[PDB]
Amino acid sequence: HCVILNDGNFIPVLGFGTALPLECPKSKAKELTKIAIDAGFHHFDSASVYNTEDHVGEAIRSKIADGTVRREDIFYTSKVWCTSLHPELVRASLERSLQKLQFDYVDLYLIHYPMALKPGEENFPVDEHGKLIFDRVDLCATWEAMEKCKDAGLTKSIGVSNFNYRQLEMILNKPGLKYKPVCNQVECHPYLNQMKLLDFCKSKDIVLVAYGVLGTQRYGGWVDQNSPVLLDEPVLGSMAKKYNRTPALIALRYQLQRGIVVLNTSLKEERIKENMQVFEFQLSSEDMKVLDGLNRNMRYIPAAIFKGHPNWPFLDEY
């Protein structure tokens, strides 16, 4: 179950996310990755900032060793963090991730946010007032660095995450562009269906990869704990009954039928296995319209600590 990226590479349409809530020990990522592989997942999403890469890598290499899967069958994504967006620091970060993973290459590498922060070991550098220290970096220069990573063979494909319409256009119209971003990984679910951004990406052969498909893991420090819980939406409960599935399966299927590559995370083995059942049924055209009606501009992860940054992506309509 894959789709073809604009650079010719194949990406599985359903991927398991390896970000873990703060309350979880990082080693948890290793057990979950194993469980996911056994359940049939071949696409895994990670990032330098998650700090789960080494554990995810051990799980994968472990499943490759015992002959469960081959590296070529696994699609692994990483992301360069805000502190290494400087053109001279991008490749170093990728090489560091590859060292942690003990991998020869990653299948996809993305710019995590179009917002650079002060370079340094600390992922969240703050001043004496506790405010993040922003940095100015030419995003087009950063993209050129990403392209060089692809030409180095360190990553098979390159893309971006949390970019808005104008920022994507900035890259697409860049003089001397060599490789278009293969995707734009953003938050997307019934409460924030991204209709406009999705149509734009499609028109440019850019795949929209969605996180927050099930309402996000509601991370402390990022998601308002008082925001509504997506899966508690009555409409999803009613539709789950109609199709004799679950609210989660309904939300997952909704995105797949819109041409979106879906990410998902669960700390529970039973749910990891359940989510694979999304390929078992079809939502009717009319029910897809019903789900479209839930749109209410509810953004669970507005990256509020970045407010004020010149490149904060969520101010524009899309």
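We call the rigid core the largest set of C-alpha positions that still match within 1.5 Å between the two forms. Residue indices: 1-based, along the sequence shown.
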Can you check whether 145-153 or 222-230 lies farther from the displayed model in 5 other deposited structures of this protein, averaging C-alpha distances as RMS after superposing on the core?
222-230
Quick one: is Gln217 left out in at least a third of the other entries we compared?
yes
Of 278-286 and 22-30, the stretch whose C-alpha atoms average the higher B-factor in the entry:
22-30
Assert higher mean C-alpha B factor (35-43 or 251-259, deposited values) equals 35-43
From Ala152, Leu101, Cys188, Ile74, residue of greatest CA B-factor
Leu101
Selection from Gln217, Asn226, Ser157, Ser93 [criterion: highest C-alpha temperature factor in the record]:
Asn226
Sorting the chain's modelled residues by C-alpha B-factor, tell me whether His112 ends up in the lowest, middle or highest third.
lowest
Could you place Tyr179 in the lowest, middle or highest third of its chain by Cα temperature factor, using the values in the record?
middle
Quick tally, chain-level thirds of C-alpha B-factors: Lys118 sits in the highest
Using the B-factors in the PDB entry, rank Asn164's C-alpha atom against the chain and give the third, lowest, middle or highest.
lowest
Going by the entry, which third of its chain does the Cα temperature factor of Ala303 land in?
lowest
